[PDB]
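A.B. asks:
2 protein chains.
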Amino acid sequence: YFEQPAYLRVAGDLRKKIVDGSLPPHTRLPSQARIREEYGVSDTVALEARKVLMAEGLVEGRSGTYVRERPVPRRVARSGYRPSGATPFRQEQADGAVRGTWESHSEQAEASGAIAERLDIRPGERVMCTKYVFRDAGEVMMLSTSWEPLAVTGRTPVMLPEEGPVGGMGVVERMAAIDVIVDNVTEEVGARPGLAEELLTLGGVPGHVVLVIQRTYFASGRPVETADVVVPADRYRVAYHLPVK
Amino acid sequence: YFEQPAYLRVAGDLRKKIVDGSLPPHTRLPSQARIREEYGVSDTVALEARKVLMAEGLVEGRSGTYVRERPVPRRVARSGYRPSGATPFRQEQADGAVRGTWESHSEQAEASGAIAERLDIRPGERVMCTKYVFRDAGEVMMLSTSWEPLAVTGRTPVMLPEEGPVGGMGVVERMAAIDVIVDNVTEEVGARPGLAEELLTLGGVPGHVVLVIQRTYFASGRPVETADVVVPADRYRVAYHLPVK
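Chains as they are written, first to last, in my numbering: chain S, 1 to 245; chain R, 1001 to 1245.
1. What would DSSP say about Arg222(S), mapped onto helix, strand or coil?
2. Could you check whether the Cβ of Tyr1081(R) sits closer than 8 Å to any Cβ belonging to chain S?
3. What does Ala1055(R) reach in chain B if we use C-beta pairs closer than 8 Å?
4. Enumerate, from N- to C-terminal direction, the unbroken alpha helix (DSSP H) stretches of 4 or more residues contained entirely within the stretch 82-114 of chain S.
5. Any C-beta of chain R within less than 8 Å: which residues of the stretch 175-186 of chain S qualify?
6. Just the C-alpha distance for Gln1032(R) and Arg1015(R), rounded to the nearest angstrom, thanks.
7. Residues of chain R with CB closer than 9 Å to the CB of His105(S), please, in chain order.
8. Give the residues of chain S in contact with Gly1190(R), contact being defined as C-beta atoms less than 9 Å apart.
9. Under the criterion of a Cβ to heavy atom distance below 7 Å, does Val1152(R) qualify as lining the ligand NAD?
10. Quick check on the DSSP output: the beta strand (DSSP E) that includes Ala6(S) runs from which residue to which?
11. Would you kindly work out how many angstroms separate the C-alpha atoms of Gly1204(R) and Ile115(S), rounded to a whole number?
12. Put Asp136(S) into one of helix, strand or coil per three-state DSSP.
13. Who are the neighbours of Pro243(S) on chain R, taking C-beta pairs under 9 Å?
14. How far does the alpha helix (DSSP H) with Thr27(S) in it extend, from its first residue to its last?
15. Does DSSP classify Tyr240(S) as helix, strand or coil?
16. Using the DSSP secondary-structure output, state which residues sit across from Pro1123(R) in a beta bridge.
17. Please state whether the Cβ-Cβ distance between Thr1145(R) and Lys1131(R) is less than 8 Å.
18. Quick one: is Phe2(S) buried, meaning 16 or more other Cβ sit within 10 Å of its Cβ, or exposed?
19. From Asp1043(R), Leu1202(R), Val1231(R), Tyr1217(R), pick the residue whose C-alpha is nearest to that of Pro243(S); which is it?
20. At a Cβ cut of 7 Å, what residues of the stretch 130-146 of chain S count as close to chain R, listed as they run along the chain?
21. How would you write the range of the beta strand (DSSP E) that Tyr39(S) sits in, first residue to last?
22. Give me the residue from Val180(S), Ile213(S), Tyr236(S) with the minimum Cα distance to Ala227(S).
23. Closer than 7 Å by beta-carbon distance: list the chain S residues that pair up with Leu1008(R), in chain order.
24. Could you compute how far the alpha carbon of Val172(S) sits from the alpha carbon of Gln4(S)?
25. Please report whether the beta-carbon of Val52(S) lies at a distance below 8 Å from any beta-carbon of chain R.
26. When we look at the beta-carbon of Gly1194(R) and count the other beta-carbons within 10 Å, is it buried (16 or more) or exposed?
27. Can you check whether the C-beta of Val98(S) is within less than 8 Å of a C-beta belonging to chain R?
28. From the DSSP output, in three-state form, read off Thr1156(R) for me.
29. Leaving out five residues before and five after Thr27(S) in sequence, what residues of the same chain have Cβ atoms less than 8 Å from its Cβ?
30. Classify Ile181(S) as buried or exposed, calling it buried when 16 or more other Cβ atoms lie within 10 Å of its own Cβ.
31. Mapping the DSSP letters down to three states, classify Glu48(S) as helix, strand or coil.
32. Assuming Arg1237(R) contacts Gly190(S) (C-beta within less than 8 Å), just tell me the rounded distance between them.
33. Quick one, which residues of the stretch 1106-1123 of chain R are near chain S if we go by CB-CB under 7 Å, in chain order?
34. According to DSSP, which residues form a beta bridge with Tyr1001(R)?
35. What first and last residue would you give for the alpha helix (DSSP H) that runs through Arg1174(R)?
36. Listed from N- to C-terminal order along the chain, which residues in the stretch 9-28 of chain S have their beta-carbon within a distance smaller than 9 Å of any beta-carbon of chain R?
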């Protein structure tokens, strides 16, 4: 890294049976032949009913078709407030119960148009790019690429995120050390197939979907850091807690 | 609804060319034969390089392979604060610039284990289930299923979300009308293939991924509403704005 249509009727009935537990995970879906006879449908209808359930990710192959066991999702807790002790891991996963570690690599770069725009600087202007692999008790479960404008951090003790007196303590603490007060954060959660490099690092198969948080920290209206934070969609959800006023 | 491996090296080079614009959307990816000759690789290596880019969703077929045009994503703005005027649409899409409409259908039900748990009531206890289809200027772009405990709304003027004196004004306003003050909201964003019924309503193809927000409104520690809010991952991102303290 560094009158419903027949096939929907049939599919609907089996889907219910799947949600019931009537068809428990690792149990074979009724066969094509069985679906045809039991529901009195054509071969194509039985075939298309099965394709619905597969496109929906409810069943898979592994000589027959098996109800998939879908894991209970874990939350990646998102927060702007201060923790116990601040680290890049705790900054991404606010859940105090989770003990976590990271490896990172930092190197300068000229900002792409896209990153320049997220940081509100001229394209080609220099940034510090740091990549992280985060582990939860030895298990890799999150990736991140973070960009910071050298206009802000250049020639300061916090220029390198994982070095110096506040290295390893995250963006808000590192910024505060140079009299820059982060006061807002925007986070946009999207989903897409993982990049090979991401999926290989995260241990998923090609085509596996990841959640991608585009995150930008602000100090007095100016962007001071932007990042793409990546977690496997099959295992995780991105959790927010908001006030209602 | 109601030393990198060869194929990664090659794939990496073409991916860069794709990000460059060197290979613009709707332009054919170099052919298998061209990749073999230009990069001096085996047929299988050229083949596997192409599969990386397809699993990554960067290229597609449509007699050759074409660089996909990936649309600029739109934000679904998430917020707990009060808007102009409150509606179920504005409750889901805080972005004031977006003019939107909905159709809904409400009917009682016994709470499933899963919904019972999200609402902190006994399974089988009755709820009002309301389904929404939301449109942005005539275009369907969001689905939702909302459950409310009849323990809270039963025998009140806000029992039916889209009827009565505060019907069509959303959960926080409807709850306030019955002296129930919603003070917190939790939102967990996940991703999964859409259900046929969802994708058919949203206009996607089978297997298309949706973002699913599991949302629960709280009043004084008690859940008063829970919902699954659904948007197409290819077109939308879920946007949050958080304070940093």
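Beta carbons are placed, not taken as given, at the ideal position from N, Cα and C, and that holds for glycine.
C.D. replies: Answer, in terms of the structure:
1. As a first step, residue 222(S) is located in the first sequence; it is residue number 222 there, counting from the start. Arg222(S): strand per DSSP, three-state reduction.
2. Taking the second sequence and counting its residues from 1, the one referred to as residue 1081(R) is at position 81. Yes, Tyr1081(R) counts as interfacial toward chain S.
3. The structure shown has no chain B; the protein chains it does contain are S and R.
4. DSSP runs (the alpha helix (DSSP H)) wholly in the stretch 82-114 of chain S: 88-92.
5. Hits within the stretch, in order: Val182, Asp183, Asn184, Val185, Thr186.
6. Residue numbering aside, residue 1032(R) sits at position 32 when the second sequence is read from its first letter. Residue numbering aside, residue 1015(R) sits at position 15 when the second sequence is read from its first letter. Between the alpha carbons of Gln1032(R) and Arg1015(R) lies a gap of roughly 15 Å.
7. On the first sequence, position 105 is the one that residue 105(S) refers to. One finds nothing in chain R with a Cβ atom closer than 9 Å to the Cβ of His105(S); even the nearest lies about 16 Å away.
8. Position 190 of the second sequence, counting from 1, holds the residue named residue 1190(R). Residues of chain S whose Cβ lies closer than 9 Å to the Cβ of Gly1190(R) are, in chain order, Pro73, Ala191, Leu211, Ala233, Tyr236, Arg237, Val238.
9. With respect to small molecules bound, the structure shown includes none, and the ligand NAD cannot be examined in it.
10. The residue labelled residue 6(S) in the question sits at position 6 within the first sequence. Segment 6-20 is the alpha helix (DSSP H) holding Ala6(S); no beta strand (DSSP E) there.
11. For this step, residue 1204(R) is matched to residue 204 along the second sequence. For this step, residue 115(S) is matched to residue 115 along the first sequence. Cα to Cα, the separation comes out at about 30 Å.
12. Taking the first residue of the first sequence as 1, we reach residue 136(S) at position 136. Note: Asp136(S) maps to strand in three-state DSSP.
13. Residue numbering aside, residue 243(S) sits at position 243 when the first sequence is read from its first letter. What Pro243(S) touches in chain R, judged by beta-carbon distance under 9 Å, is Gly1080, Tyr1081, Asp1183, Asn1184, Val1185, going in chain order.
14. For the purposes of this step, residue 27(S) is taken as residue 27 along the first sequence, with counting starting at 1. Per DSSP, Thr27(S) is not a residue of any alpha helix (DSSP H), being assigned neither H nor E.
15. As a working mapping, residue 240(S) is identified with position 240 in the first sequence. In the structure shown, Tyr240(S) sits in a strand (DSSP, three-state: E or B).
16. Translated into positions along the second sequence, residue 1123(R) becomes position 123. Under the DSSP definition of a beta bridge, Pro1123(R) lacks any partner.
17. In the second sequence, residue 1145(R) corresponds to position 145, counting from 1. In the second sequence, residue 1131(R) corresponds to position 131, counting from 1. Yes, Cβ-Cβ distance for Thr1145(R) and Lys1131(R) is below 8 Å.
18. For the purposes of this step, residue 2(S) is taken as the residue at position 2 of the first sequence. With fewer than 16 other CB atoms across the displayed protein chains lying within 10 angstroms of its CB, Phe2(S) is exposed.
19. The residue labelled residue 243(S) in the question sits at position 243 within the first sequence. Nearest of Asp1043(R), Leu1202(R), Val1231(R), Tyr1217(R) to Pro243(S), Cα basis: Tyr1217(R).
20. Of all residues in the stretch 130-146 of chain S, none has a Cβ within less than 7 Å of some Cβ in chain R.
21. Position 39 of the first sequence, counted from the start, is the residue given in the question as residue 39(S). Per DSSP, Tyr39(S) belongs to no beta strand (DSSP E); it is in the alpha helix (DSSP H), 32-39.
22. On the first sequence, position 227 is the one that residue 227(S) refers to. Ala227(S) has its Cα closest to that of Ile213(S), out of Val180(S), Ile213(S), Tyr236(S).
23. Here residue 1008(R) refers to the residue found at position 8 when the second sequence is read from its first residue. Within chain S, the residues near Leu1008(R) are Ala196.
24. In the first sequence, the residue the question calls residue 172(S) occupies position 172. In the first sequence, the residue the question calls residue 4(S) occupies position 4. Rounded to whole angstroms, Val172(S) and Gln4(S) show a C-alpha spacing of 54 Å.
25. As a working mapping, residue 52(S) is identified with position 52 in the first sequence. Cβ-Cβ to chain R under 8 Å: yes for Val52(S).
26. Within the second sequence, residue 1194(R) is the residue found at index 194, counting from 1. Taking all protein chains in view, the Cβ of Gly1194(R) is crowded by 16 or more other Cβ atoms within 10 Å, so the residue is classified as buried.
27. Numbered from its first residue, the first sequence carries residue 98(S) at position 98. Closer than 8 Å: no.
28. By 1-based counting over the second sequence, the position of residue 1156(R) is 156. If DSSP states are grouped into helix, strand and coil, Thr1156(R) belongs with coil.
29. As a working note, residue 27(S) is residue 27 in the first sequence. The beta carbon of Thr27(S) sits closer than 8 Å to those of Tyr66, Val67, all from its chain and outside the five residues before and after it, given in chain order.
30. Residue mapping note: residue 181(S) aligns to position 181 of the first sequence, counting from 1. That one is exposed.
31. If you number the first sequence from 1, residue 48(S) lands on position 48. DSSP, reduced to helix, strand and coil, places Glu48(S) within a helical segment of the structure shown.
32. Numbered from 1 along the second sequence, position 237 holds the residue referred to as residue 1237(R). Numbered from 1 along the first sequence, position 190 holds the residue referred to as residue 190(S). Contact check for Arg1237(R) and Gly190(S): beta-carbon distance about 4 Å, within the 8 Å limit, so the pair qualifies.
33. Taking 7 Å as the Cβ-Cβ cut-off against chain S, none of the residues of the stretch 1106-1123 of chain R qualify.
34. Taking the second sequence and counting its residues from 1, the one referred to as residue 1001(R) is at position 1. Bridge partners of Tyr1001(R): none, in fact.
35. Residue 1174(R) sits at position 174 when you count from the first residue of the second sequence. Under the DSSP assignment, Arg1174(R) falls in the alpha helix (DSSP H) whose first and last residues are 1171-1176.
36. Under the 9 Å Cβ criterion, the stretch 9-28 of chain S contributes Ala11, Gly12, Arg15, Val19.
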